[PDB]
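S.K.: To start, I am sharing the structure in question, which I have written as structure tokens.
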Amino acid sequence: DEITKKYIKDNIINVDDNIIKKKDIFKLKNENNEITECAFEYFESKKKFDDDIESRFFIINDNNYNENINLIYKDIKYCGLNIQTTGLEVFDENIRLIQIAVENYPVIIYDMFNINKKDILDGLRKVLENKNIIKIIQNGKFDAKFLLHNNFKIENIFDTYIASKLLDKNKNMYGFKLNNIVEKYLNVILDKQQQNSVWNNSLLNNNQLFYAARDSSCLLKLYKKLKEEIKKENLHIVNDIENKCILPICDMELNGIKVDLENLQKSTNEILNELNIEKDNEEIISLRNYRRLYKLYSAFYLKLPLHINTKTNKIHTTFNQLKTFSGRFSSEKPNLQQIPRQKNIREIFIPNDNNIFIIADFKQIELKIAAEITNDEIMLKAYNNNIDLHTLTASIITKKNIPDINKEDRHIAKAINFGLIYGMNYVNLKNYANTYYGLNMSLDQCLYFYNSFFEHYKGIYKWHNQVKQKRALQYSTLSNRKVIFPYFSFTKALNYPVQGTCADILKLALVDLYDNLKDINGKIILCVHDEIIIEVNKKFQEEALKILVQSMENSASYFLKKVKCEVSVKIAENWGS
Ligand code: NA
């Protein structure tokens, strides 16, 4: 095979006989400041492509290299970053190729396997590092993980998937592939034909480089149009937050979380013993106890070891920030939000030797947001004077005073608050309290709760009547996250703004946290519900404490402009304390 052996010096296998090595002159304007033209050797296709998408490209080996190529980067503002790797899991794979697409230029492809001189990469590294160069990516979290793990400081990322996923206003589950997005906004059907490629071998296939290169080219025009649609429907803030939240997410996944095997397998054998005890064993006893221990055992304790990286005893879960309807985070394999909320269990999660955990929580942020969005004078003033809404509600229900209040009144107040705020009638309220609070409150009594509640909280009353009357399907957030319902659901309609705003505060907090937590080399570990976990060296204890508090408070203060959030923090050696 002579045609196949045609471009072996460039580590390319010519299968379809469709590749051409062309050496020509390029019109650069760099060097010093004068227009300096330079000759390069690029590759082109014999077969002409249908629509107008760049397919010409350079390949970079340690053998063949031209410093002048770096001059292409000089004075750019955005580029199409797209890498190909030897698999999925970064920790057990290597980066094959790294591609950069530049306006009106053929794609630049670094071959990482054949390269060996570091000097070359300095161009790539400088670009990726350059805070002022926008790197356009498809599924940026993935590539970003690989790069950060392979030590490539990246910054200023624009994610096409995020853009497309937001412009969807969350009304479609599928249709977010590169081909689909391009086919939609650019109106160009990609040739596709991408079979299961093997980047592991040192010979690069012919067609795969073309298609791959195109997958970079389209990111430019696509970035332009998507950018335009974003700034049109006012989603700049959202995009800013999310696209900046990429790196924090990568930090979470890369850092993982260490687990103690002693207490783990101890609890395994113990709960297993109690399980078999219940197996050998009124009604509530056998049923609830057996199935409870069964879930804690099989559905948790037996599941967890699957994701334990044996040698490190770390769990590296995968996070998602747009697969959630509300907008909050979602973790999978395992699902951290699915793990029980007890002390005995979570105790098995520990920091590393010279490190220590810091765990922050947002207190009553749901009702705080609801208070501002609703703009209820009574609730806002109650918060401004540092008073728990449950204490308030309890005082309004029982007509007691703050000294004469008692814990049970706060209990009832909790049921009433979390019940009625999210819109529900006194009947369902009785069921809700009777189920989740075990309170035999008469229907008349719950009616009294309803009337007193809404009679006092006129803000909430107006909010409810507004939503219930307009019966809108479109809904937004303080970050302006638009969502479209299929049908008008009252509860969901009331709930979405709150949950969404909460999510926004969490993400913005993680971004600010990721940027502030660098000096003491502090690590981000976890974000579940309304609590965040960071791991820092025992030296930076009080420091990291102040940092975390200030960061979250700055976020909550960014969105909320007339409510002060209470961030309760605990410096711990365990998740449970
Ligand atoms: Na790709």
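Chains: A, B, ... in order of the structure tokens. Residues: from 1 per chain. Ligands: from 1, in order shown.
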Any residue with an atom at most 8 Å from ligand 1 counts, using only C-alpha atoms and all ligand atoms. Which are they? Put them as a PyMOL selection string.

M.R.: chain A and resi 82-84+138-139+212+215-216

S.K.: Could you pull out all residues of region 24-219 of chain A with a DSSP call of strand (DSSP E) and give them as a PyMOL selection string?

M.R.: chain A and resi 24-27+37-45+57-60+78-85+95-101+107-111+134-137+157-159+204-205

S.K.: Please determine, counting only C-alpha atoms, which residue among A:448, A:70, A:354, A:159 has the shortest atom-to-atom distance to residue 119 (chain A).

M.R.: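 Using only C-alpha atoms, residue 119 (chain A) sits closest to A:70.
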
S.K.: According to DSSP computed on the backbone, where in region 416-458 of chain A is there helix (DSSP H, G or I)? Give the residues as JSON, numbers by chain.

M.R.: {"A": [416, 417, 418, 419, 420, 426, 427, 428, 429, 430, 431, 432, 433, 434, 435, 436, 443, 444, 445, 446, 447, 448, 449, 450, 451, 452, 453, 454, 455, 456, 458]}

S.K.: As an mmCIF file with N, CA, C and O atoms, in the first residue's frame, please: the residues near region 200-209 of chain A (cut-off 8 Å, only C-alpha atoms, same-chain neighbours under 2 positions excluded).

M.R.:
```
data_model
loop_
_atom_site.group_PDB
_atom_site.id
_atom_site.type_symbol
_atom_site.label_atom_id
_atom_site.label_comp_id
_atom_site.auth_asym_id
_atom_site.auth_seq_id
_atom_site.Cartn_x
_atom_site.Cartn_y
_atom_site.Cartn_z
ATOM 1 N N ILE A 8 2.764 8.993 6.277
ATOM 2 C CA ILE A 8 3.136 8.354 7.534
ATOM 3 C C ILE A 8 4.006 9.286 8.370
ATOM 4 O O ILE A 8 3.975 9.239 9.600
ATOM 5 N N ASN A 11 1.990 10.995 10.636
ATOM 6 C CA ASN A 11 1.218 10.102 11.497
ATOM 7 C C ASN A 11 -0.249 10.026 11.088
ATOM 8 O O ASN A 11 -1.140 9.946 11.936
ATOM 9 N N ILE A 12 -0.489 10.044 9.779
ATOM 10 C CA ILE A 12 -1.840 9.962 9.231
ATOM 11 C C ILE A 12 -1.957 8.781 8.277
ATOM 12 O O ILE A 12 -1.116 8.596 7.399
ATOM 13 N N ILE A 13 -3.009 7.988 8.454
ATOM 14 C CA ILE A 13 -3.301 6.885 7.548
ATOM 15 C C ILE A 13 -4.336 7.340 6.523
ATOM 16 O O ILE A 13 -5.418 7.801 6.880
ATOM 17 N N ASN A 14 -3.981 7.224 5.249
ATOM 18 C CA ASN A 14 -4.869 7.615 4.162
ATOM 19 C C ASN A 14 -5.681 6.426 3.664
ATOM 20 O O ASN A 14 -5.200 5.623 2.866
ATOM 21 N N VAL A 15 -6.920 6.327 4.136
ATOM 22 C CA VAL A 15 -7.769 5.180 3.841
ATOM 23 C C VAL A 15 -8.614 5.408 2.590
ATOM 24 O O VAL A 15 -8.614 4.586 1.673
ATOM 25 N N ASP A 16 -9.330 6.527 2.556
ATOM 26 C CA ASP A 16 -10.282 6.798 1.484
ATOM 27 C C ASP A 16 -9.627 7.424 0.257
ATOM 28 O O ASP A 16 -10.285 7.615 -0.768
ATOM 29 N N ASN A 18 -8.416 10.640 0.018
ATOM 30 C CA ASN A 18 -9.161 11.890 -0.075
ATOM 31 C C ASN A 18 -8.415 13.064 0.546
ATOM 32 O O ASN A 18 -8.974 14.148 0.693
ATOM 33 N N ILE A 19 -7.152 12.843 0.901
ATOM 34 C CA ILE A 19 -6.347 13.856 1.578
ATOM 35 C C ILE A 19 -5.265 14.414 0.658
ATOM 36 O O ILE A 19 -4.676 13.686 -0.140
ATOM 37 N N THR A 86 -8.545 9.605 24.474
ATOM 38 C CA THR A 86 -8.510 8.160 24.266
ATOM 39 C C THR A 86 -9.608 7.426 25.035
ATOM 40 O O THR A 86 -9.598 6.199 25.117
ATOM 41 N N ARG A 96 -5.418 12.843 23.124
ATOM 42 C CA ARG A 96 -4.818 12.546 21.832
ATOM 43 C C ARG A 96 -4.501 13.832 21.086
ATOM 44 O O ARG A 96 -3.333 14.170 20.894
ATOM 45 N N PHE A 113 0.506 12.874 21.112
ATOM 46 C CA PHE A 113 1.227 11.610 21.222
ATOM 47 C C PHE A 113 2.580 11.673 20.524
ATOM 48 O O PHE A 113 3.562 11.109 21.005
ATOM 49 N N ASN A 114 2.627 12.364 19.393
ATOM 50 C CA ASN A 114 3.849 12.455 18.609
ATOM 51 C C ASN A 114 4.741 13.592 19.083
ATOM 52 O O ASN A 114 5.964 13.518 18.969
ATOM 53 N N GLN A 194 -19.720 9.615 11.603
ATOM 54 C CA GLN A 194 -18.718 9.425 12.646
ATOM 55 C C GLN A 194 -18.878 8.068 13.322
ATOM 56 O O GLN A 194 -19.626 7.930 14.290
ATOM 57 N N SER A 197 -14.697 5.871 16.590
ATOM 58 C CA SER A 197 -13.290 6.131 16.305
ATOM 59 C C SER A 197 -12.381 5.655 17.433
ATOM 60 O O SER A 197 -12.774 5.655 18.601
ATOM 61 N N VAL A 198 -11.166 5.250 17.068
ATOM 62 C CA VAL A 198 -10.161 4.808 18.030
ATOM 63 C C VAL A 198 -8.962 5.749 18.005
ATOM 64 O O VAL A 198 -8.078 5.621 17.158
ATOM 65 N N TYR A 211 -13.821 15.670 9.808
ATOM 66 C CA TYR A 211 -15.029 15.869 10.600
ATOM 67 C C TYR A 211 -14.707 16.540 11.931
ATOM 68 O O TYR A 211 -15.392 17.477 12.344
ATOM 69 N N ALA A 212 -13.655 16.073 12.591
ATOM 70 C CA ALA A 212 -13.226 16.672 13.846
ATOM 71 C C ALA A 212 -12.926 18.156 13.652
ATOM 72 O O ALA A 212 -13.389 18.996 14.421
ATOM 73 N N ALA A 213 -12.154 18.470 12.617
ATOM 74 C CA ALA A 213 -11.797 19.852 12.319
ATOM 75 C C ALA A 213 -13.046 20.700 12.112
ATOM 76 O O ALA A 213 -13.142 21.817 12.621
#
```

S.K.: Name the closest residue to residue 339 (chain A) among the candidates A:158, A:319, A:297, A:176; distances are taken between atoms, counting only C-alpha atoms.

M.R.: A:297

S.K.: Would you please work out which residue, of A:571, A:420, A:371, A:527, is nearest to residue 497 (chain A) when using only C-alpha atoms?

M.R.: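 Ranked by minimum distance to residue 497 (chain A), first place goes to A:371.
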
S.K.: Applying 6 Å and only C-alpha atoms, which residues near region 305-318 of chain A remain after dropping the ones on its own chain fewer than 4 positions away? List them as number ranges by chain.

M.R.: A: 253, 256-259, 331-334

S.K.: Take the residues from that selection and write them out as a PDB file, in the first residue's frame, keeping C-alpha atoms.

M.R.:
```
ATOM      1  CA  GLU A 253     -15.309  16.147  40.287  1.00  0.00           C
ATOM      2  CA  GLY A 256     -13.713  13.972  44.762  1.00  0.00           C
ATOM      3  CA  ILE A 257     -14.245  13.031  48.402  1.00  0.00           C
ATOM      4  CA  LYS A 258     -12.405  10.592  50.663  1.00  0.00           C
ATOM      5  CA  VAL A 259     -14.267   7.813  52.481  1.00  0.00           C
ATOM      6  CA  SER A 331     -25.098  14.489  40.985  1.00  0.00           C
ATOM      7  CA  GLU A 332     -24.981  10.961  39.577  1.00  0.00           C
ATOM      8  CA  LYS A 333     -22.918   7.797  40.023  1.00  0.00           C
ATOM      9  CA  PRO A 334     -23.424   8.117  42.868  1.00  0.00           C
TER      10      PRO A 334
END
```

S.K.: So what do you get for CA of residue 440 (chain A) versus CA of residue 388 (chain A), distance-wise?

M.R.: 24.4 Å

S.K.: Using only C-alpha atoms, which residues sit within 7 Å of region 499-514 of chain A once same-chain residues fewer than 5 positions away are excluded, as a count of residues only?

M.R.: 16

S.K.: Hey, which of A:226, A:178, A:246, A:186 ends up closest to residue 143 (chain A)? Count only C-alpha atoms.

M.R.: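 The shortest atom-to-atom distance to residue 143 (chain A) comes from A:246.
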
S.K.: Choose the residue, out of A:449, A:383, A:426, A:290, that has the smallest atom-to-atom separation from residue 399 (chain A); count only C-alpha atoms.

M.R.: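 Using only C-alpha atoms, the shortest distance to residue 399 (chain A) belongs to A:449.
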
S.K.: Quick one: residues within 9 Å of residue 128 (chain A), only C-alpha atoms counted, chain neighbours fewer than 2 positions away excluded, as an NGL selection string?

M.R.: :A and (81 or 123-126 or 130-131 or 133-135 or 152-156)

S.K.: Using only C-alpha atoms, find the one residue out of A:532, A:28, A:230, A:121 that sits nearest to residue 151 (chain A).

M.R.: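 Going through A:532, A:28, A:230, A:121 one by one, the smallest distance to residue 151 (chain A) is for A:121.
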
S.K.: For the atom pair CA of residue 243 (chain A) and CA of residue 363 (chain A), what is the interatomic distance in Å to one decimal place?

M.R.: 26.9 Å

S.K.: Distance CA of residue 272 (chain A)-CA of residue 293 (chain A), one decimal place?

M.R.: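 We find that CA of residue 272 (chain A) and CA of residue 293 (chain A) lie 8.0 Å from each other.
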